[PDB]
file start_38.json (JSON, C-alpha atoms and all ligand atoms)
[["chain", "number", "residue", "atom", "x", "y", "z"],
["A", 1, "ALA", "CA", -12.38, -10.44, -4.87],
["A", 2, "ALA", "CA", -11.47, -12.16, -1.61],
["A", 3, "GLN", "CA", -9.06, -14.98, -0.87],
["A", 4, "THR", "CA", -9.94, -16.73, 2.40],
["A", 5, "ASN", "CA", -7.31, -18.30, 4.68],
["A", 6, "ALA", "CA", -4.61, -16.42, 2.78],
["A", 7, "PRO", "CA", -0.93, -16.26, 3.80],
["A", 8, "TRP", "CA", -0.69, -13.62, 6.53],
["A", 9, "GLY", "CA", 1.39, -11.24, 4.39],
["A", 10, "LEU", "CA", -1.27, -11.00, 1.68],
["A", 11, "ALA", "CA", -3.97, -10.35, 4.30],
["A", 12, "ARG", "CA", -1.79, -7.68, 5.93],
["A", 13, "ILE", "CA", -1.37, -5.58, 2.79],
["A", 14, "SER", "CA", -5.16, -5.40, 2.32],
["A", 15, "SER", "CA", -5.94, -4.44, 5.95],
["A", 16, "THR", "CA", -5.50, -1.37, 8.18],
["A", 17, "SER", "CA", -4.76, -3.71, 11.12],
["A", 18, "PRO", "CA", -2.77, -6.90, 11.82],
["A", 19, "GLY", "CA", -4.42, -10.24, 12.63],
["A", 20, "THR", "CA", -6.73, -10.74, 9.64],
["A", 21, "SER", "CA", -6.76, -13.81, 7.39],
["A", 22, "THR", "CA", -8.53, -12.64, 4.21],
["A", 23, "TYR", "CA", -6.80, -11.03, 1.18],
["A", 24, "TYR", "CA", -9.09, -8.44, -0.41],
["A", 25, "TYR", "CA", -8.13, -7.33, -3.94],
["A", 26, "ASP", "CA", -9.53, -6.06, -7.25],
["A", 27, "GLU", "CA", -10.25, -8.79, -9.80],
["A", 28, "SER", "CA", -7.98, -7.14, -12.41],
["A", 29, "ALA", "CA", -5.10, -8.62, -10.38],
["A", 30, "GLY", "CA", -2.22, -7.02, -12.29],
["A", 31, "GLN", "CA", -3.32, -8.29, -15.70],
["A", 32, "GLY", "CA", -1.43, -6.47, -18.45],
["A", 33, "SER", "CA", 1.60, -5.71, -16.30],
["A", 34, "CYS", "CA", 4.97, -7.47, -16.34],
["A", 35, "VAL", "CA", 7.34, -8.23, -13.49],
["A", 36, "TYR", "CA", 10.97, -9.26, -14.01],
["A", 37, "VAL", "CA", 12.31, -11.35, -11.12],
["A", 38, "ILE", "CA", 16.10, -11.00, -11.14],
["A", 39, "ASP", "CA", 17.30, -13.89, -8.98],
["A", 40, "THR", "CA", 18.25, -17.64, -9.12],
["A", 41, "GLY", "CA", 15.64, -18.38, -11.80],
["A", 42, "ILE", "CA", 11.96, -19.41, -11.74],
["A", 43, "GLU", "CA", 10.55, -22.93, -11.93],
["A", 44, "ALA", "CA", 8.13, -21.85, -14.65],
["A", 45, "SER", "CA", 6.49, -25.29, -14.81],
["A", 46, "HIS", "CA", 5.09, -24.94, -11.26],
["A", 47, "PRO", "CA", 1.29, -25.30, -11.48],
["A", 48, "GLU", "CA", 0.92, -22.18, -9.29],
["A", 49, "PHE", "CA", 2.15, -19.94, -12.12],
["A", 50, "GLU", "CA", -0.55, -21.21, -14.51],
["A", 51, "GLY", "CA", 1.68, -20.71, -17.57],
["A", 52, "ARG", "CA", 2.28, -17.01, -16.79],
["A", 53, "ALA", "CA", 5.99, -17.43, -15.99],
["A", 54, "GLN", "CA", 8.89, -17.67, -18.44],
["A", 55, "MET", "CA", 12.69, -17.65, -18.25],
["A", 56, "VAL", "CA", 14.09, -15.05, -20.63],
["A", 57, "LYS", "CA", 17.78, -14.90, -19.69],
["A", 58, "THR", "CA", 20.47, -16.82, -17.82],
["A", 59, "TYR", "CA", 24.09, -16.06, -17.08],
["A", 60, "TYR", "CA", 24.98, -19.65, -16.19],
["A", 61, "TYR", "CA", 24.96, -23.10, -17.79],
["A", 62, "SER", "CA", 21.21, -23.61, -17.38],
["A", 63, "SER", "CA", 18.15, -21.43, -16.90],
["A", 64, "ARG", "CA", 16.79, -23.74, -14.19],
["A", 65, "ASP", "CA", 16.30, -22.61, -10.62],
["A", 66, "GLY", "CA", 18.42, -25.13, -8.72],
["A", 67, "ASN", "CA", 18.10, -23.18, -5.48],
["A", 68, "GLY", "CA", 14.48, -22.24, -4.80],
["A", 69, "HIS", "CA", 14.99, -18.58, -3.79],
["A", 70, "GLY", "CA", 13.90, -17.10, -7.12],
["A", 71, "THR", "CA", 10.87, -19.38, -7.37],
["A", 72, "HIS", "CA", 9.81, -18.30, -3.85],
["A", 73, "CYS", "CA", 10.08, -14.60, -4.69],
["A", 74, "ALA", "CA", 8.25, -15.00, -8.01],
["A", 75, "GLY", "CA", 5.47, -16.82, -6.19],
["A", 76, "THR", "CA", 4.95, -13.89, -3.85],
["A", 77, "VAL", "CA", 4.73, -11.53, -6.84],
["A", 78, "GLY", "CA", 2.24, -13.52, -8.84],
["A", 79, "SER", "CA", 1.42, -17.15, -8.08],
["A", 80, "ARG", "CA", -2.29, -18.06, -7.86],
["A", 81, "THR", "CA", -2.38, -18.91, -4.13],
["A", 82, "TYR", "CA", 0.63, -17.04, -2.74],
["A", 83, "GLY", "CA", 0.86, -13.96, -4.98],
["A", 84, "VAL", "CA", -0.08, -10.30, -4.69],
["A", 85, "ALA", "CA", -0.78, -9.78, -8.39],
["A", 86, "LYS", "CA", -2.39, -13.04, -9.43],
["A", 87, "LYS", "CA", -2.70, -12.34, -13.17],
["A", 88, "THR", "CA", 0.59, -10.58, -13.91],
["A", 89, "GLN", "CA", 3.19, -11.87, -16.37],
["A", 90, "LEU", "CA", 6.47, -13.04, -14.81],
["A", 91, "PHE", "CA", 9.89, -12.99, -16.51],
["A", 92, "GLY", "CA", 12.88, -14.74, -14.95],
["A", 93, "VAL", "CA", 16.46, -13.48, -15.22],
["A", 94, "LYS", "CA", 19.04, -15.77, -13.63],
["A", 95, "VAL", "CA", 21.91, -13.63, -12.29],
["A", 96, "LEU", "CA", 22.47, -15.78, -9.18],
["A", 97, "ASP", "CA", 23.89, -19.31, -9.23],
["A", 98, "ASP", "CA", 22.27, -22.29, -7.53],
["A", 99, "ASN", "CA", 24.07, -21.52, -4.27],
["A", 100, "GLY", "CA", 22.33, -18.14, -4.29],
["A", 101, "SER", "CA", 25.44, -16.09, -5.01],
["A", 102, "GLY", "CA", 26.56, -13.86, -7.88],
["A", 103, "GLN", "CA", 29.28, -11.53, -9.10],
["A", 104, "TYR", "CA", 28.45, -7.81, -9.23],
["A", 105, "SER", "CA", 29.33, -7.65, -12.94],
["A", 106, "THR", "CA", 26.70, -10.29, -13.74],
["A", 107, "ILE", "CA", 24.08, -8.58, -11.59],
["A", 108, "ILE", "CA", 24.75, -5.28, -13.42],
["A", 109, "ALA", "CA", 24.48, -7.04, -16.79],
["A", 110, "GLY", "CA", 21.10, -8.49, -15.79],
["A", 111, "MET", "CA", 19.75, -5.04, -14.92],
["A", 112, "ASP", "CA", 20.94, -3.54, -18.22],
["A", 113, "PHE", "CA", 19.36, -6.55, -19.95],
["A", 114, "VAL", "CA", 15.91, -5.86, -18.47],
["A", 115, "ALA", "CA", 16.06, -2.19, -19.49],
["A", 116, "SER", "CA", 16.43, -3.31, -23.12],
["A", 117, "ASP", "CA", 14.35, -6.50, -23.17],
["A", 118, "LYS", "CA", 11.20, -4.71, -21.93],
["A", 119, "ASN", "CA", 11.03, -3.01, -25.33],
["A", 120, "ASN", "CA", 10.45, -6.46, -26.90],
["A", 121, "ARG", "CA", 7.50, -7.41, -24.66],
["A", 122, "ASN", "CA", 3.80, -6.56, -24.59],
["A", 123, "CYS", "CA", 3.26, -4.94, -21.17],
["A", 124, "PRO", "CA", 0.57, -2.30, -21.72],
["A", 125, "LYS", "CA", 0.08, -1.53, -18.01],
["A", 126, "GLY", "CA", 3.78, -1.24, -17.23],
["A", 127, "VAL", "CA", 6.93, -2.97, -16.04],
["A", 128, "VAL", "CA", 8.34, -3.80, -12.60],
["A", 129, "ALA", "CA", 11.68, -5.35, -11.58],
["A", 130, "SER", "CA", 12.13, -7.17, -8.29],
["A", 131, "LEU", "CA", 15.67, -7.51, -6.85],
["A", 132, "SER", "CA", 15.86, -9.67, -3.73],
["A", 133, "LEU", "CA", 19.63, -9.51, -3.54],
["A", 134, "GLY", "CA", 22.46, -7.31, -2.36],
["A", 135, "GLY", "CA", 25.93, -6.94, -0.96],
["A", 136, "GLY", "CA", 28.39, -4.33, 0.23],
["A", 137, "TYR", "CA", 28.29, -0.78, -1.12],
["A", 138, "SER", "CA", 29.15, -0.39, -4.82],
["A", 139, "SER", "CA", 28.65, 2.80, -6.80],
["A", 140, "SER", "CA", 28.55, 0.71, -10.01],
["A", 141, "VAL", "CA", 25.71, -1.48, -8.75],
["A", 142, "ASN", "CA", 23.78, 1.56, -7.54],
["A", 143, "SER", "CA", 24.26, 3.22, -10.93],
["A", 144, "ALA", "CA", 22.86, 0.17, -12.73],
["A", 145, "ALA", "CA", 19.78, 0.24, -10.48],
["A", 146, "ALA", "CA", 19.33, 3.96, -11.21],
["A", 147, "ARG", "CA", 19.60, 3.33, -14.96],
["A", 148, "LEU", "CA", 16.95, 0.62, -14.77],
["A", 149, "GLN", "CA", 14.56, 2.92, -12.92],
["A", 150, "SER", "CA", 15.29, 5.80, -15.34],
["A", 151, "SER", "CA", 14.48, 3.58, -18.34],
["A", 152, "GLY", "CA", 10.85, 3.34, -17.16],
["A", 153, "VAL", "CA", 10.86, 0.29, -14.89],
["A", 154, "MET", "CA", 9.63, 0.30, -11.31],
["A", 155, "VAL", "CA", 12.63, -1.07, -9.39],
["A", 156, "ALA", "CA", 12.05, -2.67, -5.98],
["A", 157, "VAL", "CA", 15.09, -3.81, -3.97],
["A", 158, "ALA", "CA", 15.69, -5.57, -0.64],
["A", 159, "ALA", "CA", 17.07, -3.49, 2.21],
["A", 160, "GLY", "CA", 19.23, -6.38, 3.48],
["A", 161, "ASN", "CA", 19.22, -8.73, 6.49],
["A", 162, "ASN", "CA", 22.06, -7.21, 8.57],
["A", 163, "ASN", "CA", 20.07, -5.36, 11.29],
["A", 164, "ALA", "CA", 22.08, -2.32, 10.24],
["A", 165, "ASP", "CA", 21.85, 0.94, 8.29],
["A", 166, "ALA", "CA", 21.13, 0.11, 4.64],
["A", 167, "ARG", "CA", 23.39, 3.00, 3.53],
["A", 168, "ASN", "CA", 26.30, 0.55, 3.43],
["A", 169, "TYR", "CA", 24.64, -1.96, 1.10],
["A", 170, "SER", "CA", 23.88, -2.08, -2.63],
["A", 171, "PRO", "CA", 21.61, -1.70, -4.50],
["A", 172, "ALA", "CA", 19.65, -0.91, -1.27],
["A", 173, "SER", "CA", 21.44, 2.43, -0.84],
["A", 174, "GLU", "CA", 20.50, 3.85, -4.28],
["A", 175, "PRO", "CA", 18.04, 6.68, -3.47],
["A", 176, "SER", "CA", 16.07, 6.64, -6.78],
["A", 177, "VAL", "CA", 14.66, 3.12, -6.37],
["A", 178, "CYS", "CA", 12.26, 1.57, -3.91],
["A", 179, "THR", "CA", 14.11, 0.10, -0.95],
["A", 180, "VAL", "CA", 12.08, -2.39, 1.10],
["A", 181, "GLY", "CA", 12.38, -3.42, 4.74],
["A", 182, "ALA", "CA", 10.71, -6.40, 6.43],
["A", 183, "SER", "CA", 7.99, -6.74, 9.11],
["A", 184, "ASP", "CA", 6.45, -9.71, 10.99],
["A", 185, "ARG", "CA", 2.81, -10.72, 11.58],
["A", 186, "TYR", "CA", 2.63, -8.71, 14.85],
["A", 187, "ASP", "CA", 3.68, -5.47, 13.12],
["A", 188, "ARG", "CA", 7.22, -5.49, 14.48],
["A", 189, "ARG", "CA", 10.23, -4.72, 12.34],
["A", 190, "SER", "CA", 11.71, -8.13, 11.47],
["A", 191, "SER", "CA", 14.68, -8.73, 13.79],
["A", 192, "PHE", "CA", 17.09, -9.05, 10.84],
["A", 193, "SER", "CA", 15.77, -6.14, 8.75],
["A", 194, "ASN", "CA", 18.07, -3.30, 7.81],
["A", 195, "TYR", "CA", 16.84, 0.23, 8.47],
["A", 196, "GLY", "CA", 17.87, 3.83, 7.88],
["A", 197, "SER", "CA", 16.90, 6.97, 6.01],
["A", 198, "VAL", "CA", 17.16, 5.29, 2.59],
["A", 199, "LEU", "CA", 14.30, 2.87, 3.27],
["A", 200, "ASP", "CA", 11.15, 3.82, 1.38],
["A", 201, "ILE", "CA", 8.65, 1.28, 2.71],
["A", 202, "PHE", "CA", 8.13, -1.92, 4.74],
["A", 203, "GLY", "CA", 6.42, -5.13, 3.65],
["A", 204, "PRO", "CA", 5.75, -8.55, 5.21],
["A", 205, "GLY", "CA", 9.01, -10.52, 5.48],
["A", 206, "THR", "CA", 8.90, -12.98, 8.41],
["A", 207, "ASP", "CA", 7.49, -16.52, 7.90],
["A", 208, "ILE", "CA", 6.29, -16.05, 4.32],
["A", 209, "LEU", "CA", 4.70, -19.03, 2.57],
["A", 210, "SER", "CA", 5.27, -19.31, -1.19],
["A", 211, "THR", "CA", 6.24, -21.59, -4.08],
["A", 212, "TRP", "CA", 9.42, -23.70, -4.06],
["A", 213, "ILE", "CA", 11.24, -25.92, -6.55],
["A", 214, "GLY", "CA", 10.07, -29.46, -7.21],
["A", 215, "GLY", "CA", 6.47, -28.24, -7.38],
["A", 216, "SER", "CA", 6.46, -27.65, -3.64],
["A", 217, "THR", "CA", 5.92, -24.83, -1.10],
["A", 218, "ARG", "CA", 8.04, -23.46, 1.75],
["A", 219, "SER", "CA", 7.94, -20.74, 4.41],
["A", 220, "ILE", "CA", 11.10, -18.63, 4.70],
["A", 221, "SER", "CA", 12.12, -15.20, 6.04],
["A", 222, "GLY", "CA", 14.02, -12.14, 4.81],
["A", 223, "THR", "CA", 13.88, -8.72, 3.21],
["A", 224, "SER", "CA", 14.02, -10.93, 0.09],
["A", 225, "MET", "CA", 10.42, -11.84, 0.88],
["A", 226, "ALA", "CA", 9.21, -8.34, 1.62],
["A", 227, "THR", "CA", 10.50, -6.98, -1.70],
["A", 228, "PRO", "CA", 8.17, -9.04, -3.99],
["A", 229, "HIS", "CA", 5.15, -7.97, -1.92],
["A", 230, "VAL", "CA", 5.96, -4.38, -2.93],
["A", 231, "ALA", "CA", 6.82, -5.33, -6.54],
["A", 232, "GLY", "CA", 3.50, -7.18, -6.84],
["A", 233, "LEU", "CA", 1.62, -4.27, -5.26],
["A", 234, "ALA", "CA", 3.18, -1.87, -7.78],
["A", 235, "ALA", "CA", 2.10, -4.11, -10.70],
["A", 236, "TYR", "CA", -1.41, -4.28, -9.24],
["A", 237, "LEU", "CA", -1.69, -0.49, -8.82],
["A", 238, "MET", "CA", -0.28, 0.25, -12.30],
["A", 239, "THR", "CA", -2.92, -2.05, -13.85],
["A", 240, "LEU", "CA", -5.63, -0.11, -11.99],
["A", 241, "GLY", "CA", -4.11, 3.07, -13.42],
["A", 242, "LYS", "CA", -3.52, 4.64, -10.02],
["A", 243, "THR", "CA", 0.17, 5.28, -10.63],
["A", 244, "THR", "CA", 3.07, 4.86, -13.06],
["A", 245, "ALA", "CA", 6.52, 3.25, -12.92],
["A", 246, "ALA", "CA", 8.19, 6.59, -12.21],
["A", 247, "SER", "CA", 5.99, 7.45, -9.24],
["A", 248, "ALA", "CA", 4.82, 4.08, -7.87],
["A", 249, "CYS", "CA", 7.20, 3.99, -4.89],
["A", 250, "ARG", "CA", 6.09, 7.44, -3.78],
["A", 251, "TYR", "CA", 2.43, 6.55, -4.30],
["A", 252, "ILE", "CA", 2.84, 3.40, -2.21],
["A", 253, "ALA", "CA", 4.47, 5.46, 0.58],
["A", 254, "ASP", "CA", 1.74, 8.13, 0.43],
["A", 255, "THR", "CA", -1.06, 5.56, 0.70],
["A", 256, "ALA", "CA", 0.67, 3.25, 3.21],
["A", 257, "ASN", "CA", -0.43, 2.30, 6.71],
["A", 258, "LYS", "CA", 1.30, 4.90, 8.81],
["A", 259, "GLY", "CA", 2.66, 4.44, 12.36],
["A", 260, "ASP", "CA", 1.60, 0.80, 12.72],
["A", 261, "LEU", "CA", 5.06, -0.70, 13.16],
["A", 262, "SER", "CA", 7.09, -1.12, 16.34],
["A", 263, "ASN", "CA", 10.88, -1.23, 16.92],
["A", 264, "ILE", "CA", 11.47, 1.34, 14.19],
["A", 265, "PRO", "CA", 14.60, 3.41, 14.96],
["A", 266, "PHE", "CA", 14.30, 7.22, 14.86],
["A", 267, "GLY", "CA", 14.96, 8.43, 11.32],
["A", 268, "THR", "CA", 13.46, 5.40, 9.58],
["A", 269, "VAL", "CA", 10.00, 5.62, 7.99],
["A", 270, "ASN", "CA", 7.08, 3.93, 9.74],
["A", 271, "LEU", "CA", 5.19, 2.93, 6.61],
["A", 272, "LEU", "CA", 3.69, -0.46, 5.71],
["A", 273, "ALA", "CA", 2.54, -1.26, 2.15],
["A", 274, "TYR", "CA", -1.27, -1.17, 1.80],
["A", 275, "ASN", "CA", -3.55, -1.64, -1.21],
["A", 276, "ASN", "CA", -6.46, 0.53, -0.04],
["A", 277, "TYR", "CA", -9.02, -1.87, -1.48],
["A", 278, "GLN", "CA", -12.65, -0.84, -0.99],
["A", 279, "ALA", "CA", -15.40, -3.13, -2.31],
["A", 301, "PR", "PR", -3.51, 0.85, 11.77],
["A", 302, "PR", "PR", 13.99, 5.59, -2.65]]

call {"tool": "encode", "arguments": {"input": "start_38.json", "output": "structure tokens"}}
result
Amino acid sequence: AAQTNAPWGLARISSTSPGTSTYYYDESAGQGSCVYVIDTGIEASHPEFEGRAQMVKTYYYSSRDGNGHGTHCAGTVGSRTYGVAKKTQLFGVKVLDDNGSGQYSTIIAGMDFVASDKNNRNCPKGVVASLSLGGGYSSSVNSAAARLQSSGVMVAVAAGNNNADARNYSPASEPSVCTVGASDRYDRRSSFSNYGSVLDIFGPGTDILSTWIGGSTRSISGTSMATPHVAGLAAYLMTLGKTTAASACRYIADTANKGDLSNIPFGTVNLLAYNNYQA
């Protein structure tokens, strides 16, 4: 299949070079996979989700996304127009309040929740969790991310927007998960993107168009935006049977565009997520 005049990030992950405008992908489109978006919530009623999104847990007074951040990230995973995996099932877990902030204890609870809840869902092609959040180093937060991964869920996490080594941030610094940095449409590392040896992979993160609350759309920037590109790609590849939750991050790194990025500091991988689609 081919989506013309696609958002640049979608085009980039289906091309060996920057500057293209068409998203090429297999029609299966992540059908049969499930992606948990652990964030401020999802506006499930947005027409772009086509009924494929549902809130399953909240740690606040309402399950509504009063912020927009979670709805944006979910859209990049699997909305019709703005998503990588256009037929995946989306589950929302609200661990962040409507100002976009959250306590580490609540974030940990949300991760443990997903590890259990997945056993109550029909996800024959596998399960992914997308975490576009983070803060200062915490061994407890890292441990929760490791548990989630160990339970059989592909965990993708944002590297952080500090233009610094991700080793001092959590859950970015947990080695066993998939830590995602951000790039822009000219194949430069995004100016805000964290780096370091713990990064696994880069994805599009600057000027990313996606869904927003109130049935709208918005372009915003961050490693928060790069992370769902990689989560969606994992769901897509698991549906095609090319990889599993345990090995998806490594598979994505092995099949990535190599050496295409600029302003990558020595010791950080030069790898950009790529779907290797051949018609
Ligand atoms: Pr290239
Ligand atoms: Pr890793």

call {"tool": "residues_near_point", "arguments": {"input": "start_38.json", "point": "(-2.1, -13.9, -12.1)", "cutoff": "10 Å", "atoms": "all atoms listed in the file", "output": "JSON, numbers by chain"}}
result
{"A": [27, 28, 29, 30, 31, 32, 33, 48, 49, 50, 51, 52, 53, 77, 78, 79, 80, 81, 83, 84, 85, 86, 87, 88, 89, 90]}

call {"tool": "write_last_selection", "arguments": {"input": "start_38.json", "atoms": "C-alpha atoms", "output": "short mmCIF file (atom, residue, chain, number, x, y, z; two decimals), keeping the file's coordinate frame"}}
result
data_model
loop_
_atom_site.label_atom_id
_atom_site.label_comp_id
_atom_site.auth_asym_id
_atom_site.auth_seq_id
_atom_site.Cartn_x
_atom_site.Cartn_y
_atom_site.Cartn_z
CA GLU A 27 -10.25 -8.79 -9.80
CA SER A 28 -7.98 -7.14 -12.41
CA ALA A 29 -5.10 -8.62 -10.38
CA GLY A 30 -2.22 -7.02 -12.29
CA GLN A 31 -3.32 -8.29 -15.70
CA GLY A 32 -1.43 -6.47 -18.45
CA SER A 33 1.60 -5.71 -16.30
CA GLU A 48 0.92 -22.18 -9.29
CA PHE A 49 2.15 -19.94 -12.12
CA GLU A 50 -0.55 -21.21 -14.51
CA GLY A 51 1.68 -20.71 -17.57
CA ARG A 52 2.28 -17.01 -16.79
CA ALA A 53 5.99 -17.43 -15.99
CA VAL A 77 4.73 -11.53 -6.84
CA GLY A 78 2.24 -13.52 -8.84
CA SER A 79 1.42 -17.15 -8.08
CA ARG A 80 -2.29 -18.06 -7.86
CA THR A 81 -2.38 -18.91 -4.13
CA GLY A 83 0.86 -13.96 -4.98
CA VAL A 84 -0.08 -10.30 -4.69
CA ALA A 85 -0.78 -9.78 -8.39
CA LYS A 86 -2.39 -13.04 -9.43
CA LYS A 87 -2.70 -12.34 -13.17
CA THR A 88 0.59 -10.58 -13.91
CA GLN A 89 3.19 -11.87 -16.37
CA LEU A 90 6.47 -13.04 -14.81
#

call {"tool": "residues_around", "arguments": {"input": "start_38.json", "residues": "residue 24 of chain A", "least_positions_apart": "3", "cutoff": "7 Å", "atoms": "only C-alpha atoms", "output": "ChimeraX atom specification"}}
result
/A:1-3,14,277

call {"tool": "residues_around", "arguments": {"input": "start_38.json", "residues": "residue 113 of chain A", "least_positions_apart": "2", "cutoff": "12 Å", "atoms": "only C-alpha atoms", "output": "list in words"}}
result
residues 36, 38, 56, 57, 58, 59, 91, 92, 93, 94, 95, 106, 107, 108, 109, 110, 111, 115, 116, 117, 118, 119, 120, 129, 144, 145, 147, 148 and 151 of chain A

call {"tool": "closest_residue", "arguments": {"input": "start_38.json", "among": "A:73, A:166, A:55, A:157", "to": "residue 220 of chain A", "atoms": "only C-alpha atoms"}}
result
A:73

call {"tool": "closest_atom_pairs", "arguments": {"input": "start_38.json", "of": "chain A", "to": "ligand PR 302 (chain A)", "cutoff": "12 Å", "atoms": "all atoms listed in the file", "output": "JSON lines"}}
result
{"residue": "A:142", "atom": "CA", "partner": "A:PR302", "partner_atom": "PR", "distance": 11.7}
{"residue": "A:145", "atom": "CA", "partner": "A:PR302", "partner_atom": "PR", "distance": 11.1}
{"residue": "A:146", "atom": "CA", "partner": "A:PR302", "partner_atom": "PR", "distance": 10.2}
{"residue": "A:149", "atom": "CA", "partner": "A:PR302", "partner_atom": "PR", "distance": 10.6}
{"residue": "A:154", "atom": "CA", "partner": "A:PR302", "partner_atom": "PR", "distance": 11.0}
{"residue": "A:155", "atom": "CA", "partner": "A:PR302", "partner_atom": "PR", "distance": 9.6}
{"residue": "A:156", "atom": "CA", "partner": "A:PR302", "partner_atom": "PR", "distance": 9.1}
{"residue": "A:157", "atom": "CA", "partner": "A:PR302", "partner_atom": "PR", "distance": 9.6}
{"residue": "A:158", "atom": "CA", "partner": "A:PR302", "partner_atom": "PR", "distance": 11.5}
{"residue": "A:159", "atom": "CA", "partner": "A:PR302", "partner_atom": "PR", "distance": 10.7}
{"residue": "A:166", "atom": "CA", "partner": "A:PR302", "partner_atom": "PR", "distance": 11.6}
{"residue": "A:167", "atom": "CA", "partner": "A:PR302", "partner_atom": "PR", "distance": 11.5}
{"residue": "A:171", "atom": "CA", "partner": "A:PR302", "partner_atom": "PR", "distance": 10.7}
{"residue": "A:172", "atom": "CA", "partner": "A:PR302", "partner_atom": "PR", "distance": 8.7}
{"residue": "A:173", "atom": "CA", "partner": "A:PR302", "partner_atom": "PR", "distance": 8.3}
{"residue": "A:174", "atom": "CA", "partner": "A:PR302", "partner_atom": "PR", "distance": 6.9}
{"residue": "A:175", "atom": "CA", "partner": "A:PR302", "partner_atom": "PR", "distance": 4.3}
{"residue": "A:176", "atom": "CA", "partner": "A:PR302", "partner_atom": "PR", "distance": 4.7}
{"residue": "A:177", "atom": "CA", "partner": "A:PR302", "partner_atom": "PR", "distance": 4.5}
{"residue": "A:178", "atom": "CA", "partner": "A:PR302", "partner_atom": "PR", "distance": 4.6}
{"residue": "A:179", "atom": "CA", "partner": "A:PR302", "partner_atom": "PR", "distance": 5.7}
{"residue": "A:180", "atom": "CA", "partner": "A:PR302", "partner_atom": "PR", "distance": 9.0}
{"residue": "A:181", "atom": "CA", "partner": "A:PR302", "partner_atom": "PR", "distance": 11.8}
{"residue": "A:196", "atom": "CA", "partner": "A:PR302", "partner_atom": "PR", "distance": 11.4}
{"residue": "A:197", "atom": "CA", "partner": "A:PR302", "partner_atom": "PR", "distance": 9.2}
{"residue": "A:198", "atom": "CA", "partner": "A:PR302", "partner_atom": "PR", "distance": 6.1}
{"residue": "A:199", "atom": "CA", "partner": "A:PR302", "partner_atom": "PR", "distance": 6.5}
{"residue": "A:200", "atom": "CA", "partner": "A:PR302", "partner_atom": "PR", "distance": 5.2}
{"residue": "A:201", "atom": "CA", "partner": "A:PR302", "partner_atom": "PR", "distance": 8.7}
{"residue": "A:246", "atom": "CA", "partner": "A:PR302", "partner_atom": "PR", "distance": 11.2}
{"residue": "A:247", "atom": "CA", "partner": "A:PR302", "partner_atom": "PR", "distance": 10.5}
{"residue": "A:248", "atom": "CA", "partner": "A:PR302", "partner_atom": "PR", "distance": 10.7}
{"residue": "A:249", "atom": "CA", "partner": "A:PR302", "partner_atom": "PR", "distance": 7.3}
{"residue": "A:250", "atom": "CA", "partner": "A:PR302", "partner_atom": "PR", "distance": 8.2}
{"residue": "A:251", "atom": "CA", "partner": "A:PR302", "partner_atom": "PR", "distance": 11.7}
{"residue": "A:252", "atom": "CA", "partner": "A:PR302", "partner_atom": "PR", "distance": 11.4}
{"residue": "A:253", "atom": "CA", "partner": "A:PR302", "partner_atom": "PR", "distance": 10.1}
{"residue": "A:269", "atom": "CA", "partner": "A:PR302", "partner_atom": "PR", "distance": 11.4}

call {"tool": "closest_residue", "arguments": {"input": "start_38.json", "among": "A:214, A:9, A:18, A:204", "to": "ligand PR 301 (chain A)", "atoms": "all atoms listed in the file"}}
result
A:18

call {"tool": "residues_near_ligand", "arguments": {"input": "start_38.json", "ligand": "ligand PR 301 (chain A)", "cutoff": "7 Å", "atoms": "only C-alpha atoms and all ligand atoms", "output": "list in words"}}
result
residues 16, 17, 257, 258 and 260 of chain A

call {"tool": "atom_distance", "arguments": {"input": "start_38.json", "atom1": "atom CA of residue 100 of chain A", "atom2": "atom CA of residue 72 of chain A"}}
result
12.5 Å

call {"tool": "residues_around", "arguments": {"input": "start_38.json", "residues": "residue 97 of chain A", "least_positions_apart": "2", "cutoff": "10 Å", "atoms": "all atoms listed in the file", "output": "list in words"}}
result
residues 39, 40, 41, 58, 59, 60, 61, 62, 63, 64, 65, 66, 67, 94, 95, 99, 100, 101, 102 and 103 of chain A

call {"tool": "residues_around", "arguments": {"input": "start_38.json", "residues": "residue 127 of chain A", "least_positions_apart": "4", "cutoff": "7 Å", "atoms": "only C-alpha atoms", "output": "PyMOL selection string"}}
result
chain A and resi 33-35+123+153-154+245

call {"tool": "write_last_selection", "arguments": {"input": "start_38.json", "atoms": "C-alpha atoms", "output": "mmCIF file, in the coordinates of the input"}}
result
data_model
loop_
_atom_site.group_PDB
_atom_site.id
_atom_site.type_symbol
_atom_site.label_atom_id
_atom_site.label_comp_id
_atom_site.auth_asym_id
_atom_site.auth_seq_id
_atom_site.Cartn_x
_atom_site.Cartn_y
_atom_site.Cartn_z
ATOM 1 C CA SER A 33 1.600 -5.710 -16.300
ATOM 2 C CA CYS A 34 4.970 -7.470 -16.340
ATOM 3 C CA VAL A 35 7.340 -8.230 -13.490
ATOM 4 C CA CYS A 123 3.260 -4.940 -21.170
ATOM 5 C CA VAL A 153 10.860 0.290 -14.890
ATOM 6 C CA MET A 154 9.630 0.300 -11.310
ATOM 7 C CA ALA A 245 6.520 3.250 -12.920
#

call {"tool": "atom_distance", "arguments": {"input": "start_38.json", "atom1": "atom CA of residue 105 of chain A", "atom2": "atom CA of residue 133 of chain A"}}
result
13.6 Å

call {"tool": "atom_distance", "arguments": {"input": "start_38.json", "atom1": "atom CA of residue 213 of chain A", "atom2": "atom CA of residue 37 of chain A"}}
result
15.3 Å

call {"tool": "closest_residue", "arguments": {"input": "start_38.json", "among": "A:128, A:96, A:271, A:164", "to": "residue 231 of chain A", "atoms": "all atoms listed in the file"}}
result
A:128

call {"tool": "closest_residue", "arguments": {"input": "start_38.json", "among": "A:206, A:219, A:138, A:5", "to": "residue 161 of chain A", "atoms": "only C-alpha atoms"}}
result
A:206

call {"tool": "closest_residue", "arguments": {"input": "start_38.json", "among": "A:278, A:239, A:163, A:244", "to": "residue 263 of chain A", "atoms": "all atoms listed in the file"}}
result
A:163
